[PDB]
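Chains as they are written, first to last, in PDB author numbering: chain F, 27 to 107, 137 to 506; chain F', 27 to 107, 137 to 506; chain F'', 27 to 107, 137 to 506. A prime marks a further copy of an entry chain.
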């Protein structure tokens, strides 16, 4: 059950009661498609049903030709060199590309083809060492050699029935689409499409993964999230086997507390126009308890939320001491230096929270919260304020209409004096772009000594 | 007719003569697909035409199974917690998700199925209250029960003709694609694809909307823009009816003046290398008059422009006093504090405007404007300059070639002394990341008192 | 062969040994599809094979109707008005849109239709002047007039065979998909899909381009990259011809040296918590020698890397003096003012380089580098450090696991004192958001004079 608290002193709000699901590692799985080496199509026929099989066979041959141009290139994701700019930089698919390099080595391909001879699903120990679960999803070699073979290799082609022309177009379409996606994605796609892996196959891949029963239940009830956080890496096409690597999210952190810290600018409301100072907490984002520290996601838009569960990637996190949470109840606590910025602003805005809305209303801006049946129900005055989503349908700031989340949950309004009122405007360090409480303090004592 | 003005004093340019089209509200509409509860397919047949119907029936059943995994999850868009970082934060699909929650309630589904029994287009008052326009686009229940029913439910299957196998694949493809998109988008897509709503159906949905005749004409002549600003929200699949919510843009603001303010860095050009100071207007973006204020879009790349009309979302806007426009003619006006930043830069760049190009040329950079038939026609000197797009095809700065817009329109070069020349470099507040004219002034008077 | 160097003094690393491929200009090519003006389909027939041809003919007519709504609108890409925010602003498709405006003029269409009457590939001089290579990829007019004509125009329709219903659906699908993409992209797509241009046609378009043999070899071995950097611009549909403009990357810069500069924060490691100062190089990104200057891409994620070649767009570059490279060996050199920022940070992070990983480890964060078979092999201490990818599989910082690139190459650890140790914390300009070595120096001398 979700709850929420607003801190009038620091113009922020925390939504509590969420559960974690943090991508920590990667499970690399091999997907294979058995092909037939169709060098040529010896058939003169002008028969309409043969003409359509030759057309679908050219697309197949062209798809193979297209895919060979891709396996000859090293696939790669290109990465860099409020607080998101402090984030580390990691190669997102370095594990999958390492496995893709193993599939290029001679004989390694033959190991895969042989393991999937009797079953379409088997575990394989690779030459380098990593144990991967291989799965054959399409046996076009078998189909062509059993249905389309008598029509090729003979100049006098035995004309096929209409249902084979249609069924071949059906089976071949998957290969053409897998090729279509790799052709515009430089051999690396994400999310993984239902052509790379159908919902049927994905679930079957999950239930056979070396993971706990908790994780199997979790990934299956959130397959749409698994796809968005997965990659499909084109690998090899040789010796009648097309292989592409699928990289699936591992959730090493599950069911730990998560909260979302919302922040908005806190300014003075003096009638004198330029005499106002401002202060804004920059530690907003998702927080989840994680191994005695707190995983901090400074760009909450990167996480994905399903009901009350939060799906994030630790690649988008900073690892903070748990004391960072003291900034919500006491931004002046002596145990963690709470981050703020102090660029002046005279613009109004609202932040829609999980169960309410923060309103930073300044200047001459109209700021209200309304109900569809009753119109305006609260009028915000200058400063930073909050309203609960109970009985409220919309919030308007200026010419911007916000809808509030109608999620069920109790909100708590923690009254407090705006901390912006404690500072003398004559010695306030404005335009600190990425500072903190202590940094402002020690800059104030330096400007006071100079005076 | 488009015009433009360049202010040599503040290194900026304003393109005038545009018309607004601002997304203010949302029109939620229900799209439905009548299905048949096909529990099983009792048929032993090895006939090729029956084998292909069983194959297409499995895809249908799997699509339903896939969609049920999605209706069991709460759909959500994940949002945050030059001046874009001052923007509010709103749930983009909170209205559609509220309607999606109403469709989950018992009996509410039966209301929809009954209203669309005789017509495929009807208005429905929901239990909560909002009046929504429901539209049935596919009756697969009717098709299967009228063409595919005699082949199932009988162990001795009456074999169907080839044209029914093909036509069933045709009709069923739309359902498989709608499912395909929701499966990789966590049940929320945007833009709305032609599978969610065909151009035929969208226009028919627009002409029946409760909106003015002006808005009907507007949305129809810009359907490609309507799609990009729309969402499709998976809702429910129960009682033989699949329902997904489509959220369409409401344009409460139309035909008001719009102008695009372009800005580029203004620096001194002293021969002494480190003695130079810089100044850059940070109020660039789209501006549109809106209800006595001015809607300001600080990230112009979010708006979409079609001929001389500007399509923006008020969710991406700040609401400023109209006096903000005084910064173009007089950046020192006493009625609005014009925003600037003062980080030093020695790099050159160009901004391609609607009818010309601004050039910030500094250091040893080659800056020219050429014509395809005649080569270089103007050579920029150090400082901030401008050239009109008449007779000019390209602008080069350093190793970067810019093409200019060949749009027709008159440009006006407003000569003026660069305001960067009015400041003493010895007491200039460099590296003000988000300041303003007054903030620089009062920081200069503080550094002068200390001296 | 790739190499790399880490500078312990400035907490940065440079990967050397790459080759350039810089998009400088645009090659505009015209793609055409010959259509038939099918006003109406005079046929009463209830025959199943005729019903399916009427269905596929409606989709064709609707696709034309949809495309006419798009040619009536001016296509446009919407653009703006660490160091990426200093980048110029250019219209990405201004050249293609200029050609699209030429196709709208009367008689210009007839010139194209006539040039492609005998061949499906010919060069055309346009009325304005630019020489463009036109290519007809689909002749649906010929197909309908030769196979589907006897079934229309007659009330007593000669019923067609089943293979023509299927083949018409096959040929028509490309048109429906081209229309599908333009309908959700406001008539401008990128990357160019295989429906806009198949891998077969693209290569054929490349080999016939007016470019050097080096460039033909380059673009063909990297077709997946060409597509991602290409645009497809809907143009005209009139006089039985649909024309859309394809804009292809021109690589004026090839085979010049490229290096990727990685940077991470450099801080003091005093036991006193708030007494620490920090410094971070902001010149990270891709660098490539380019015409005696250096093209600098401050957002390395925009470039695309294939093996050891770097594909970038000069539109995403700044043109710097080559002396900028002196910041790697001597950040204090007197010939270029090296850019830094000095916002304090106490968070740890790692940057995965081409051949190793930088680790900025501060506070109480666990920072290690492990091997899959042997576990932790190095433990980082507070400060900024580096480890080579030889023998190392992963790096962990806090709760974040990074995989290292297993690329082959030698790394060089250039020992040096952290330059952050040279500054007195009592007069250090913290929170300089975009400064440089000289700017910090001259601000230190001003704070010292005040003291």
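All C-beta atoms in this analysis are idealised placements derived from N, C-alpha and C, irrespective of residue type, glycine included.
Annotation: Cβ neighbours of residue 100(F') in chain F (cutoff 7 Å, chain order): 361 and 362. Per the coordinates, the alpha-carbon of residue 291(F) lies some 44 Å from the alpha-carbon of residue 156(F''). At a cut-off of 8 Å between beta-carbon atoms, residue 145(F') makes contact with chain F.
For residue 352(F), the pairing in a beta bridge is given by DSSP as 341(F). At a Cβ-Cβ threshold of 8 Å, residue 260(F'') and residue 150(F'') do not count as neighbours.
Looking at the DSSP output, residue 434(F'') bridges to 423(F''). Between residue 203(F') and chain F, the shortest Cβ-Cβ separation is not below 8 Å. Around the beta-carbon of residue 57(F), 16 or more other beta-carbon atoms lie within 10 Å, marking it buried. Looking from the CA of residue 306(F''), the closest CA among 312(F''), 266(F''), 317(F'') and 456(F'') belongs to 266(F''). Unbroken beta strand (DSSP E) stretches of 3 residues or longer found wholly inside the region 237-287 of chain F: none.
By the Cβ neighbour-count rule, residue 429(F) is exposed, with fewer than 16 other Cβ atoms within 10 Å of its own. In summary, the residues of the region 305-332 of chain F' whose CB is separated from some CB of chain F'' by less than 9 Å are 315, 316, 317, 318, 319, 320, 328 and 329, in the order they occur in the chain. Chain-order list of chain F residues neighbouring residue 235(F'): 249, by C-beta distance under 7 Å.
Taking a beta-carbon distance threshold of 8 Å, residue 51(F'') counts as an interface residue toward chain F'.
Taking residue 417(F) as reference, the option from 221(F), 65(F), 49(F) and 405(F) with the minimal CA-CA separation is 405(F). Distance from the CA of residue 323(F) to the CA of residue 339(F), rounded to the nearest whole angstrom, comes to 21 Å.
Contact between residue 365(F') and residue 45(F') is confirmed by a C-beta separation of about 7 Å, below the 8 Å threshold. Listed along chain F'', the residues sitting closer than 7 Å to residue 455(F') by beta-carbon distance are 143, 369, 370, 372 and 374.
Annotated three-state conformation of residue 142(F) is coil, per DSSP. For residue 488(F'), the C-beta contacts it makes with chain F'' under 8 Å involve 488 and 489, in order along the chain. Relative to residue 101(F), the option among 442(F''), 485(F''), 280(F'') and 401(F'') whose CA is nearest is 280(F''). Straight-line measurement puts the Cα of residue 182(F) at about 54 Å from the Cα of residue 81(F''). Selection 485(F), 399(F), 454(F) and 337(F) evaluated against residue 373(F') yields 454(F) as nearest (Cα-Cα). If you check the CB distance, residue 415(F'') and residue 319(F'') come in under 8 Å. Looking at the DSSP output, residue 368(F') sits in a beta bridge with 49(F').
In this structure, the CA atom of residue 201(F'') is about 59 Å from the CA atom of residue 355(F).
For residue 382(F'), the enclosing alpha helix (DSSP H) has its first and last residue at 381-384. 63(F) is the residue among 473(F), 480(F) and 63(F) whose C-alpha sits nearest the C-alpha of residue 295(F). At the C-beta level, residue 473(F') and residue 446(F') stay beyond 8 Å of one another. Distance between residue 89(F) and residue 193(F''), taken at the CA atoms: about 20 Å. Counting other Cβ atoms within 10 Å of its Cβ, residue 34(F) reaches 16 or more and is therefore classed as buried.
Here DSSP, grouped into helix, strand and coil, assigns residue 219(F') to helix.
Under the Cβ distance rule, residue 92(F'') counts among the residues neighbouring chain F', one pair being separated by less than 8 Å. For residue 294(F), the three-state secondary structure derived from DSSP is coil. Looking at the DSSP output, residue 395(F) sits in a beta bridge with 336(F) and 490(F).
DSSP lists no beta-bridge partner residue for residue 211(F').
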